[PDB]
Structure formats: C-alpha cells, structure tokens
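Coordinate inspection notes
Next come the chains, spelled out residue by residue.
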Amino acid sequence: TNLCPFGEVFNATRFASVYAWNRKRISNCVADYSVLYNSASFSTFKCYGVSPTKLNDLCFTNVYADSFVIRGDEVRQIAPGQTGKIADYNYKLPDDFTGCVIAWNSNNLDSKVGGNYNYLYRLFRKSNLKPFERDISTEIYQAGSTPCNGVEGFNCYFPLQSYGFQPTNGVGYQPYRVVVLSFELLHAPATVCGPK
Amino acid sequence: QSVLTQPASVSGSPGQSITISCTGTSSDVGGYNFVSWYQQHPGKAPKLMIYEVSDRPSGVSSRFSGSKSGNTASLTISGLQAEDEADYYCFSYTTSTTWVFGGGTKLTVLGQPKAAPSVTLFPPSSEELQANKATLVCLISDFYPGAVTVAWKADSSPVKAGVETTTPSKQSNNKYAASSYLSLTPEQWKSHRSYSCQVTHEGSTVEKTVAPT
Amino acid sequence: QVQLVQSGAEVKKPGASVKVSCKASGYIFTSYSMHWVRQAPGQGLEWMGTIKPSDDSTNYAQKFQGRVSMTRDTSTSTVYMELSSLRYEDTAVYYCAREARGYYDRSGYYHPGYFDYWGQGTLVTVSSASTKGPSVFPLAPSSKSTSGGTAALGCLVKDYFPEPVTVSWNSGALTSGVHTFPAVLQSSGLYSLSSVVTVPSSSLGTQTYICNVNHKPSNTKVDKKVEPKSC
C-alpha cells in the first residue's frame, strides 16, 4: 500500500487557473488525513458533512482533489451555497457537498514582481455553473443587445480576466491555493482507506 | 439566553470609526465564539455583517470588523459613511442550544447635509366627493433632518380640526418622508376659495395650495 | 438565485393561531436549516426557533416551547411556523431565514452557519378590533402636481385596519418614481396611506396608470385606474 499522493496535489509547483480547475483522482493508497488537518499552515480548513478527525477511520472507493488558485477575498465562495464570480462562473460546490475545503496564502509562490498574468478566472457567463462543472470555453460574451458573432467589441467581451498577482497586493488580492477534497463511495473494493 | 446588552444609540461623523458593544454572559457571548452582527435598514430584512466574531461574508466591506473580550463583543465600523446609518444587532449561540439577539443599536451618521422637503398636495377626488367625503393629501419627502411642522389653512386661516400627520419616517436615501391629511365635508371643501398645506423645515417653509373645481 | 417567499400578512384575534409559510426555491431545500425570527414594529429582532428539513428536527426558544410548531413539506420546499394561542404581544413581522451550512474545523469541532437569505417578512397583527378593507381613490395628475417634464399622480388608500397595505403600479411594470408613504393612524383607529408615482407629463394622454392595492388582512385587492381630470 502506497501512502496517498497528497504532496503531489498540495506541493505541486504550479496550480490550475480556477476557470480550468484541476481534478486529481486518488486511489489505491492509505491516507493519514492528519498530515493535512494537523498542519498549522492552512488559513482555511472547513469540512462539510464530515469531521476531518473521523476520516482516518473510513474507507472510500475514490477521493477527488480539486485544485486551483483564486484571490484571498474569494476563498469564501468555495463553500456550499455561495454566489459571486467564482462560485457562479468558475468553481461551484453543490448545496449537499460532503468534503473538505483547504486553502493557504500562496503569495510567495504565485505572485510575481511584474504581475502573474497566467492565473485567470471567468468574469462573464450566460448562466451559472452547475456543481462541479468546468467551462474552459473562450467565446466572446454578448453584454448588450447587438450580437458579437465572434468579434470583440464594446459590449462584446473576451470572457476571462487575469488576476495580475503582485507580492505587494493587499492580502485579499493575494493568491491563495485551494484544495477541495470530495469522496466517492461505490459498489467496489474501497481503494482509499485511513489507518482505520 | 436573555437579550444581550447593546448601547441604545451611537453616532459618529463621516470618516470616523465607531464601536458598538454587545454584552452577554458566560452562557453566550462569553461562552462561545459564535457571535454575529446584523445590519438593518428601515423596512428591510436584516443583513449579516460579521459572523464568528470577526469573519465577513462576501460583499461586506473591510470597514466592518469584529472582536470579543470576555462577555463583550464589539462591532467596529471604520471610515464611517452615510449608508452605514442603520440599526445593528448582535446575535449569539447559548448554552441552552438556542440563539439570542441583542437589543439593537441605532447608528446615526452626523453632519449630514440639510435637505428641503418636496411637497405635493392633492385635492379631494371627484369619486370621494360623490361618496360625501373629502380628504386633502399633503405628501412631504426628501427632507433632512427628520423634523417638520405641518400647518393647514382654509383660505388664510389656520385649520386644526380634521388634521392627521405622520411622524417622519426614514427613507432609503437617509432622508425623511411624512404625510398629512385634512378631512373635510364636501360642503367645507366647496365653500372656501382654497386650502393650503404649509410645511416648515429648519426655519424655511414650502406651501402648496389647492382650490375646488 | 435563492428565494424565500412568505405568505401574506394576517390578522388574528387573541387566542387564535397563525400559520406562516416560507417557500424556498433556487437551492436544495433539505440541505439548509431554516430559522424564524420576528420583530414587533419599532422593536428588536427575536429568535424563535429552527427546523432542519433533512431530519425534521426542531429547536425552539424556551419562551415559545409548547406554543410554536415548525414543520416542513419537502414535496413543496416549504417551511411553516404555526404559533398558537396568540396575544397582542405576538404582533410582529415574522421572517424565515436560511442558515448557511455549518462545518467542522481541523480539530473536529462543529461551527454553525449564519443567516444568508431572508424571506420578505409577514406581518401578523393580533387584535380584538375589527378588520376593515380600504376605500381607494385616484389622485389625478394636474398642473399643481406637474414639475414640468414629470407629473405626480397617485392613489389614496383610505380607512383600513390593520396594517399592512402594499401598492404596486401597472402590475409591477411601473417601478421608477414610485413612492408609497407610510400610513397615518387616525383617531378612528383606522389607517390611511398614499402611493404616488412620478411619470413623464407627455405620457398622461396615452399611458394607462393603475395602482394595485393589496390589503391581505382583509383579503382585498383593488386595481384603481388613475386618469387626468376632465374639468
């Protein structure tokens, strides 16, 4: 039994853009979730529908780890029942979410002195995402009555915006890395267990 | 589990910082970190400003902060603005497993600009007169501060009888509204040259007049 | 979007009961606890209790124990608050509020949520006095109600009891320039209010203006057409 590759998710060199959030399937391993919940370096650690101190007792078919970067002020949107540009247009948790939301300030990794333009989020969308939906499209968004038909213009917008993270930003405008753990139980051998 | 104690009122000037206290007991505010603060504007449902002592929900400005020491929680509003004028309520979990609100605090933002009332006067409708009644309706809005005197006249003489006037009520833009109604018989209405609603606000007066047709 | 839509204002005699509904939409109803908070006119907020729709568990303030019943109908995503043996001191706006989901922290301790969405409120008035539906009269536009490009017209909502009365214009199509004034309480014990709307003066010949008066305590609605006078 390998120990689960949590370092792979949490210590990855670069994170996904929130609009193109990464998902990793975890399987066939032992998870000491204590490595996460006993860490003092996470600024957000919130579990819905389950206590993280009970996870070491349990077995799952698979564990999913979604990861991305957003700004500090937006971490609040990564929870059931939220609204705003992130929850509505980028990463949506369902109302009946069971899992953990873990975040930490990543200014030292992700901000860059001239601005990191490489982290993006969707600013405009026709409708809200469904829970766990991912939209990587890049069609021009019609904000007014006249159609754009593929052409950028006034009230005809490119749908994404760049964060521009700089180390001198206020903390709410600094980058945070986020991992969301969800749990899948199926009719199969449980491939992910704690020490039980 | 008894209403938490808050000052009845606080006032500050724009740009200033103010603090609203909320004093409970070891069974509630002092017993848990589950203190919230809600803002309530006139005629509106309350709105969450602060939860868990110091966290803000998305959309609430960082001008709002919270803290707690012993049995007393504190809401602080920095960079005070006109739009912060509202009632504020603290809210806490209790050892009974129930939740309890504080008594509330009315926040006044001082130094707001004097604003003169707009006055509209309507005479009795044909329909009402045909029903053998008559009501003059004097509608008074957008004044600041919230104190007016309303006088009625029949021709040039004061009328006291049949007058009903509201207390001023706070509008959403922080200004005030009020109305005054004069009840007459159709005979009275028809037997004078005119009636007037005269509104005095900060020593200046706006008077509207209507006459029978 | 999350919506909580409550039942209309009610009037009740002392000793009667009232059942207020709160109809949820725009989210998974069973995932969030609902609370009832009330507020007597001009007074503070008061927490009454909560229901968890997923397990049908309830918890009430000691003050209401034995007299409040909170229920839920998952087939219509509706929460109900039934308050029995009413007295004058139960006169209040009753709100339903959704509690955002709570969570477990790192150490395994539970943290409750907070109120993230609210119903519009339901005024329940408890009185021995008789209910009275309003008489509605038009407040026609005229030269002493014009401010040039715009003119003022309205409806007088006379002699009703109890509160409240709501007024819309053109079935909610007309919202700009609408000011509904708080009511006066007359020495008769009956209320009157007025609603006025400011509109383009050139529209007066051509656009129809109807005020939609709603007095739910008497189950009365009046739609009154307001026209320029003849003279």
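Along each chain, numbering proceeds from 1 in written sequence order. Entry numbering may differ, and residues lacking coordinates are not shown. All chains are assigned letters beginning at A, and all ligands numbers beginning at 1, according to the order in which they are written. Heavy atoms throughout the structure, all of them, feed into the side-chain values; hydrogens and water do not.

Here we look at empty space enclosed by the protein
- Points on a 1 Å grid over protein atoms alone make up a cavity when a 1.4 Å probe fits among them but cannot get out, and a pocket when they form an open set with protein on both sides within 12 Å along at least five of seven lines; lining residues each have an atom within 4 Å of a point. Grid points are joined across faces, edges and corners, and a volume is the space filled by probe spheres set on the points. Under the criterion given, the structure shown has 1 cavity of 30 Å³ or more.
- Considered as a void within the structure, the largest cavity measures approximately 40 Å³ in volume.
- What lines the largest cavity is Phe34, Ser36, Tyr51, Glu52 and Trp99 of chain B together with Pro112 and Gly113 of chain C.
- In this classification, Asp, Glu, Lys and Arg are treated as charged, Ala, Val, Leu, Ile, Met, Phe, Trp, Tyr, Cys and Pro as nonpolar, and every other residue, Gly included, as polar. The residue makeup of the lining of the largest cavity, split by class, is 4 nonpolar, 2 polar and 1 charged.

Concerning the packing of aromatic side chains
- A pair of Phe, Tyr and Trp rings is counted when the ring centres sit within 6.5 Å of each other, with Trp represented by its six-membered ring. The angle between the planes then sorts it: under 30 degrees is stacked, over 60 is edge-to-face, the rest tilted. All chains considered together, the criterion is met by 42 aromatic pairs over all chains.
- Ring centres 5.6 Å apart and planes at 20° place the aromatic pair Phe10 of chain A and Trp104 of chain A in the stacked group. Taken as a pair, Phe10 of chain A in helix α1 (residues 6–10) and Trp104 of chain A in strand β7 (residues 99–105) lie far apart in primary sequence, 94 residues in all. Take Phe10 of chain A and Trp104 of chain A: they sit in the same class, and that class is buried.
- We call a charge positioned above a ring when the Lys NZ or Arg CZ atom is no farther than 6 Å from the ring centre and deviates by at most 35 degrees from the ring normal. Positioned above the aromatic ring of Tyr32 of chain C is the side chain of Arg98 of chain C, whose terminal nitrogen or guanidinium carbon lies 3.7 Å from the ring centre. A run of H or I in DSSP becomes a helix once it reaches four residues, and a run of E becomes a strand once it reaches two; helices and strands are each numbered from the N terminus. We call a residue buried when its accessible area falls under 20% of the maximum for its residue type, exposed when it is over 50%, and partly exposed in between, using a 1.4 Å probe and counting protein chains only.

Quick notes on the layout of surface pockets
- Roughly 790 Å³ of internal volume is contained in the second largest pocket.
- Lining the second largest pocket are 34 residues, with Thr44, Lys46 and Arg76 of chain A together with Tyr51 and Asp55 of chain B positioned closest to its centre.
- With 4 residues, strand β4 (residues 44–48) of chain A is the largest single contributor of residues to the lining of the second largest pocket.
- Each residue belonging to the lining of the second largest pocket can be placed in one class, and the counts come to 15 nonpolar, 10 polar and 9 charged.

Regarding the UniProt feature "disulfide bond" in chain A
Residue and element names in this part refer to chain A.
- A pair of sulfur atoms, both from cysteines and within 2.5 Å, is called a disulfide here. UniProt positions are given in the numbering used here, feature names are shortened, and annotations may be inferred rather than shown by experiment. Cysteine pair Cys4 and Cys29, annotated in UniProt as disulfide-bonded: S-S separation 2.0 Å, below the 2.5 Å cut-off, and the bond is accordingly regarded as formed. Note that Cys4 is positioned in the loop between β1 (2–3) and α1 and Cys29 in strand β3 (residues 29–30), a separation of 25 residues in sequence.
- Take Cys4: its relative accessible area is 11%, and that puts it in the buried class.
- Measuring sulfur to sulfur gives 2.0 Å for the UniProt disulfide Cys148/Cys156, short enough to count as a bond.
- What makes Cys148 buried here is its relative accessible area of 12%.

Examining the sheet that holds strand β17 (residues 166–169) of chain C
All names here are of chain C.
- In this analysis, strands are considered paired if DSSP registers two or more bridges between them. With antiparallel pairing, the 3 strands of this open sheet are ordered in space as β17-β21-β22. Pairing within the sheet leaves two strands with one partner each, and these edge strands are β17 and β22 (220–225). For this sheet, the mean inter-axis angle between neighbouring strands, taken without regard to orientation, is 20°.
- Here 4 bridges tie β17 to strand β21 (residues 210–215), and the two strands are oriented antiparallel to one another. From the neighbouring strand, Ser168 faces β21, where its bridge partner is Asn212. Lines fitted to C-alpha atoms define the axes here, with helix axes fitted over just the stretch in contact, and angles between the N-to-C directions of these axes take values from 0 to 180 degrees.

A closer look at the interface of chain B and chain C
- In this assembly, 42 residues from chain B lie in contact with 47 residues from chain C.
- Two parts lose some accessible area (1.4 Å probe) when they are put together, and adding that loss for both gives the buried area. Between chain B and chain C, roughly 3500 Å² of surface is buried when both sides are summed, and carbon and sulfur atoms account for 66% of that area.
- We define a salt bridge as a side-chain nitrogen of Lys or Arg found within 4 Å of a carboxyl oxygen belonging to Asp or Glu. Viewed at the interface, chain C and chain B are joined by 2 salt bridges.
- Between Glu127 of chain B and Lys224 of chain C there is a salt bridge whose closest N-O contact spans 3.0 Å.
- Under the rule applied, a polar contact is a pair of N or O atoms within 3.5 Å (in protein, one hydrogen donor and one hydrogen acceptor; residues adjacent in sequence only if both atoms are side-chain atoms). In this structure, the connection of chain B to chain C is made through 14 residue pairs in polar contact.
- Sort the elements by how many residues they give to the side of chain B that touches chain C and strand β11 (residues 134–143) of chain B lands first, with 5 residues.
- Here the residues of the side of chain B that touches chain C sort into 19 nonpolar, 17 polar and 6 charged. In what follows, residue pairs with any heavy atoms lying within 4.5 Å of each other are defined as contacts.

Observations concerning the state of the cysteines
All names here are of chain A.
- By the definition in use, this model includes 8 disulfides over all chains.
- The disulfide that involves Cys4 links it to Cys29, with 2.0 Å between the sulfurs. With the S-S dihedral at roughly 85°, the linkage between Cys4 and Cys29 falls on the right-handed side.
- Take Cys29: its relative accessible area is 5%, and that puts it in the buried class.

So, the environment of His111 of chain C
- Considering the arrangement of structural elements, one finds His111 of chain C in strand β11 (residues 110–111).
- Linking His111 of chain C and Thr74 of chain C, residues 37 residues apart in sequence, is a C-alpha distance of 25 Å.
- A polar contact of 2.6 Å, which involves the side chain of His111 of chain C, links it to the side chain of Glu52 of chain B.

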